[PDB]
Ligand SMILES: C=CC1=C(C)/C(=C/c2[nH]c(/C=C3N=C(/C=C4\NC(=O)C(C)=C4C=C)C(C)=C\3CCC(=O)O)c(CCC(=O)O)c2C)NC1=O
Ligand SMILES: C=CC1=C(C)/C(=C/c2[nH]c(/C=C3N=C(/C=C4\NC(=O)C(C)=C4C=C)C(C)=C\3CCC(=O)O)c(CCC(=O)O)c2C)NC1=O
Ligand SMILES: C=CC1=C(C)/C(=C/c2[nH]c(/C=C3N=C(/C=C4\NC(=O)C(C)=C4C=C)C(C)=C\3CCC(=O)O)c(CCC(=O)O)c2C)NC1=O
Ligand SMILES: C=CC1=C(C)/C(=C/c2[nH]c(/C=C3N=C(/C=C4\NC(=O)C(C)=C4C=C)C(C)=C\3CCC(=O)O)c(CCC(=O)O)c2C)NC1=O
């Protein structure tokens, strides 16, 4: 997680968020530097859960070529705020996951923040239904992040090159 | 839940709790009065989840023969305390679910408490792998409950009569 | 607190809440039935704290003339939401305290809610800088309460009779 | 805060913790690297609160000679665990504060940890009633920290030199 001064911001989340349309495969396009993702080519796959919420399967390609994956569960603890989820990953304490913006069919912007006294730790990802996302969309989503304090100059661009990411089966 | 004086107790939980062995069908035998269950013949079915934790399917037989069911997800938010679960039901805020005692194949004692200032609200249930449980076991588990202040005078016996509950299957 | 169906509502809180102006003495005028206050003539006194937040001293007149008092501390855990406080009373778990509406010099409407699964427990109080409050103000504040589902049928009127409450001073 | 892999540990805390004997001045002797303390000569002063808990006044000498201070409130949210406090500092989100070990008259060992998914952020301090602490005591307290995972090789020694710290009025 990206540790910075100041308490967590509280950005607005996707109005009328429909988890049913959010399921499926999302490709990581840009992200803040964090501790969890040590590689490239990252995807998140969200699938139906027989309980509440949905289930999570994230995969990425490490620099050595190994595919690393993690499973988790996603739950909206307050059903009146379906876009404010809590993610429970194997071997991890709970972390928030807020869908800030999505059209379900092309892009989403997701954000997570944990307070650390007078500082905070945040995740943030622009994701796409395809390995790429149009630059106009990326710029708009960067606009949203800057509005609530995210230094978009620290954003990392995720490698989704078809050849490099062919290790992703 | 109904309200009793005092903050929540912190009873001991099942040592080395094994959620895989806890899965399957459990019959409600006795419980504290609460608002959630308005019927009889109650069962809880716990099943594999593709994410973390396990999935929840509770069923009961309402008085006009309807079978009311609720879905949920169960997660141990601290993996080092696997008997202290959080249950997320559709249309409910999160609630604790602590497995205080179980031999997995016959009985379990489950406890849930939420603080209300200087008072608290609790659920507590004796459950069985069969629609009945031996009086000796019931009495021992009531002893456990009384050791952290649960008045056994308040426990309701659930109707598990075979004829009455036949529509459950 | 006593239990009502539904999860907690999230009513709007006093904009630009100024805790310095909120300090001093407040008289209980009307409130939801609860377990905490068993007496009449109730007042809350809020005072400067050398740390953060402010200090709490509640007093009431018990039926056998005893003046029961409780001490506490009030803290706005998120400084950006100063009207959403947490109250820490001696011998109580933390409880929310939301200033929904106040003009500081005449009236305030305070609300506290804790989720109990699909149900909730709430406190709600109309308070005044005087032992009485005009009927017009009381009626407006009941309107606010009814807008987030508080049944005004349930509100108790607090005894603030001057003769009866004389031992308060 | 010191950000490291793994979830927070849960060390044992001081049995029978008596906040009344913990009040007064404590000198920082050794600490984990963190973001809050940017200087040396640090002291914490704990004083009586008219509410619950106690009030907090921390001071340190920056490298430029300026004295920097912060005020806060300390509260045991669960009165049955008086050694597990929550500290509310001005401009800061709440952070835990656990008194692991103290004899009140000479030393204390304090610990704070916040989970960050599969990682965590921790504070830890050895403090003394005097600007120094005997090496035998320091080694014992380092022994306690290593037992629950704290790499005592990362500990910083706080400058409490009488000349350098004379800026502390
Ligand atoms: C912004 C929200 C966000 C949250 C809440 C988050 C939490 C999070 N992601 C994790 C792993 C992971 N997270 C991802 C990828 C993603 N994870 C996502 O939420 C998204 C959108 C992607 C991109 C598709 C991968 C691939 C892993 C496994 C990393 C590995 O084990 O090598 C872990 C486990 C920590 C670990 O094992 O080291 C946590 C707690 N990561 C985030 O980016
Ligand atoms: C002791 C712990 C305990 C907890 C934490 C609990 C929580 C709980 N049970 C619920 C429903 C329910 N709970 C049950 C039955 C059970 N539920 C159980 O945890 C067990 C062991 C049984 C019995 C085998 C049933 C049948 C319902 C559906 C009731 C209804 O709304 O019609 C709900 C509301 C779901 C909703 O309608 O939104 C909650 C919050 N009940 C408990 O008894
Ligand atoms: C509406 C919000 C509200 C909250 C959050 C609340 C919480 C609350 N009030 C308490 C006591 C008390 N609360 C009051 C009176 C008041 N308390 C107030 O917040 C107000 C506005 C008044 C009236 C002016 C009194 C007199 C006591 C002591 C009651 C007793 O235990 O004898 C306690 C228990 C303290 C203890 O004995 O351990 C709690 C948890 N009461 C409320 O009414
Ligand atoms: C191990 C527990 C521990 C906790 C929970 C902790 C929290 C904490 N300490 C802070 C400041 C501070 N904390 C201290 C010193 C101390 N603070 C202490 O808890 C102790 C024992 C000392 C030593 C006497 C000082 C001097 C400051 C002010 C730093 C500054 O503003 O320059 C802040 C405010 C953050 C900021 O303004 O940047 C927090 C949240 N620090 C800790 O060391």
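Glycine also receives a Cβ, built like all others from the backbone with ideal geometry; neighbour counts cover every protein chain displayed. Only the coordinates and a few stated rules stand behind these numbers; no lab work does.
Some observations on this one:
- In segment D:120-137, the qualifying residues are those that are in contact with a helix residue (DSSP H, G or I) (Cβ under 9 Å, 6 or more places away or on another chain) and part of a loop (DSSP other than H, G, I, E, B), and the one that is nearest to ligand 2 (Cβ to nearest atom) is D:133.
- Condition broken by residue B:66, with the remaining ones in (1) over 15 Å from residue B:22 (Cβ atoms); (2) in contact (Cβ under 8 Å) with a residue 40 or more places away in the chain satisfied: (2)
- For segment A:102-118, residues that are surrounded by fewer than 21 Cβ atoms within 10 Å (Cβ to Cβ) and in contact with a helix residue (DSSP H, G or I) (Cβ under 6 Å, 6 or more places away or on another chain) total 1.
- Filtered by the rule that a residue be surrounded by fewer than 19 Cβ atoms within 10 Å (Cβ to Cβ), touching a residue at least 60 places away in the same chain (Cβ under 8 Å) and more than 28 Å from residue B:1 (Cα to Cα), segment C:18-37 gives C:18, C:19, C:21, C:24, C:25.
- Scanning segment C:143-158 for residues that are free of Cβ contacts under 8 Å to residues at least 40 places away in the same chain, part of a helix (DSSP H, G or I) and more than 14 Å from ligand 3 (Cβ to nearest atom) yields C:143, C:146, C:152, C:153.
- Taken over segment A:94-124, the criterion of being near ligand 1 (Cβ under 10 Å from one of its atoms), within 14 Å of chain D (Cβ to nearest Cβ) and either more than 29 Å from residue D:96 (Cβ to Cβ) or over 14 Å from the mean Cα position of the chain (by Cα) (or both) is satisfied by A:94, A:114.
- Conditions (1) under 19 Å from residue C:83 (Cβ atoms); (2) part of a strand (DSSP E or B); number of the one not met by residue C:3: (1)
- Condition check for residue B:51: within 16 Å of ligand 1 (Cβ to nearest atom), within 14 Å of another protein chain (Cβ to nearest Cβ) and over 16 Å from the mean Cα position of the chain (by Cα): yes
- Selection from segment B:17-35 of residues that are in contact with a strand residue (DSSP E or B) (Cβ under 6 Å, 6 or more places away or on another chain), away from chain A (no Cβ under 14 Å) and in a loop (DSSP other than H, G, I, E, B): B:17, B:32, B:33, B:34, B:35
- Among residues of segment C:68-92, those that are under 19 Å from residue D:95 (Cβ atoms) and within 11 Å of ligand 3 (Cβ to nearest atom), counted: 4
- The one condition from (1) over 18 Å from residue B:54 (Cβ atoms); (2) more than 16 Å from ligand 3 (Cβ to nearest atom); (3) surrounded by 13 or more Cβ atoms within 10 Å (Cβ to Cβ); (4) touching a residue at least 40 places away in the same chain (Cβ under 8 Å) that residue B:121 does not meet is (2).
- Test: residue A:14 is assigned to a strand (DSSP E or B) and more than 16 Å from ligand 2 (Cβ to nearest atom): no
- When we screen A:68, A:38 for residues that are under 30 Å from residue D:34 (Cα atoms) and either within 16 Å of ligand 2 (Cβ to nearest atom) or more than 11 Å from every other protein chain (Cβ to nearest Cβ) (or both), the only hit is A:38.
- Of the residues making up segment B:42-85, those that are more than 21 Å from residue B:30 (Cα to Cα) and either within 16 Å of ligand 4 (Cβ to nearest atom) or surrounded by 19 or more Cβ atoms within 10 Å (Cβ to Cβ) (or both) are B:49, B:51, B:52, B:53, B:54, B:55, B:72, B:73, B:74, B:75, B:76.
- The set of residues in segment B:76-88 that are within 15 Å of the chain's Cα centre (by Cα) and at the interface with chain A (Cβ under 7 Å from one of its Cβ atoms) contains only B:88.
- Of the residues making up segment B:55-65, just one is over 15 Å from the mean Cα position of the chain (by Cα) and either at positive phi or within 8 Å of chain A (Cβ to nearest Cβ) (or both), namely B:65.
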